[PDB]
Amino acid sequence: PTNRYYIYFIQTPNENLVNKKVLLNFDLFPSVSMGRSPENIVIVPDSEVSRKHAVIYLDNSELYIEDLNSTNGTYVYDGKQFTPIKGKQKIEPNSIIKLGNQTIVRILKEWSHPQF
């Protein structure tokens, strides 16, 4: 209850999704699925994103992303270039992730000022 996590769309083909901040609820969804199928918790309408492309989740209070054998891959930006993620890829807040060829997102973590 102390943070809100988001997927922020830096670039993506759907004009109604680009520049949007989508809230992730890891309390209701232990893992959050991303892909072009509406079966995903976070749909990404992009022909180059696989039907089920990646999943993001919390484990031991840290964020991880995994690629679900996607066609065009999942990448993390290292400050200069994108590189393929590796199996259980730990990511930090503000990490920039490319899904396939045409969608780039930033994973946000924002302190929510809990009152306890």
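The first residue of the sequence shown is number 1, and the count goes up from there.
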Q: Look over 79-87 and 30-38 in the entry and identify the one with the greater average Cα temperature factor.
A: 79-87
Q: Higher average CA B factor in the deposited record is what I'm after, so tell me if that's 39-47 or 57-65.
A: 57-65
Q) Against its chain's modelled residues, does residue 20's Cα B factor rank lowest, middle or highest third? A) middle
Q. Lowest, middle or highest third of the chain for the C-alpha temperature factor of residue 5?
A. middle
